[PDB]
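*Asks:* Residue numbers (PDB author numbering): 4 to 137.
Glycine is no exception: its CB is placed at the ideal position from the N, C-alpha and C atoms.
The structure that follows is given in the form of structure tokens.
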RNA sequence: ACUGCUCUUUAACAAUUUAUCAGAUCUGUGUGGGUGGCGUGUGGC
């Protein structure tokens with residue numbers, strides 16, 4: 004509710020970030036200004052704002068040859084969701100493959116484009132090597 | 001400590017009923033166009 008789902012409490016921010024292209028600090032500023040969210044540990048809020056570090060590219064660079072399609076064609080919602088889910092394990096190292104990927108599959112159902120989970124799960128099998136000591 | 005372990009490689013068609021051989025006008029700036037009603041009073045004839 005609070006710890007894990009925290010991600011999907013602020014993927015909006017990510018989305019808006021990946022659409023606004025402004026200062027991420029002001030991004031979280033306007034986001035917390037939008038509503039008082041209590042299903043998120045503010046430490047995970049700081050993680051989400053830390054999810055700006057350039058390895059973002061690298062994590063899509065992680066799958067850059069491991070892609071079924073192009074990158075920009077992956078919608079901004081999928082872009083942000085997958086980018087933060089890989090920011091868990093590509094630079095932040097929060098949890099193993101099963102836990103974080105169950106998260107990335109369950110907490111994108113109220114945002115996906117009616118089929119997002121199939122492709123994110125089929126391409127996220129790259130999450131197995133990124134933590135090989137699974 | 002003590003709600004939280006993969007669901008498995010992206011949108012997912014409406015179009016529809018004789019019938020066919022396709023079957024000259026692109027003007028104006030000539031110009032009229034850019035204080036009274038009523039009442040009362042007075043006086044006159």
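1. Quick one: what does DSSP say residue 46 is sitting in, helix, strand or coil?
2. Taking the continuous alpha helix (DSSP H) assigned at residue 63, which residues delimit it?
3. Exposed or buried, what is residue 57 when buried is set at 16 or more other beta-carbons lying within 10 Å of its beta-carbon?
4. Going by Cα to Cα distance, which pick from 117, 7, 121 is closest to residue 43?
5. Under the three-state reduction of DSSP, which class applies to residue 82: helix, strand or coil?
6. If you draw a straight line from the C-alpha of residue 20 to the C-alpha of residue 135, how long is it?
7. What three-state label does DSSP hand residue 138 in the structure shown?
8. Quick one: residues in its chain with C-beta nearer than 8 Å to the C-beta of residue 125, no 5 flanking neighbours on either side, listed in chain order?
9. Considering just the uninterrupted stretch of the alpha helix (DSSP H) at residue 29, what are its terminal residues?
10. Suppose contacts are defined by Cβ-Cβ distances below 8 Å. Is residue 14 in contact with residue 122 by that definition?
*Replies:* For this structure:
1. As a working note, residue 46 is residue 43 in the first chain. Secondary structure of residue 46 (DSSP, three-state): helix.
2. On the first chain, residue 63 is found 60 positions in, with the first residue counted as 1. First-last of the alpha helix (DSSP H) with residue 63: 58-65.
3. Position 54 of the first chain holds residue 57. Residue 57 should be labelled exposed.
4. Locating residue 43 in the first chain gives position 40, counting from the first residue. Per the Cα distances, 7.
5. Counting from one through the first chain, the residue named residue 82 turns up at place 79. Three-state result, residue 82: helix.
6. To locate residue 20, count along the first chain from 1; it is residue 17. To locate residue 135, count along the first chain from 1; it is residue 132. For residue 20 and residue 135, the gap between their C-alpha atoms comes out near 31 Å.
7. The requested residue 138 is not part of the displayed model; the chain covers only 4 to 137.
8. Taking the first residue of the first chain as position 1, residue 125 is located at position 122. Around residue 125: 71.
9. Locating residue 29 in the first chain gives position 26, where the first residue counts as 1. It spans 27-37 - the alpha helix (DSSP H) in which residue 29 sits, taken as one unbroken run.
10. Residue numbering aside, residue 14 sits at position 11 when the first chain is read from its first letter. Residue numbering aside, residue 122 sits at position 119 when the first chain is read from its first letter. The beta carbons of residue 14 and residue 122 sit no closer together than 8 Å.
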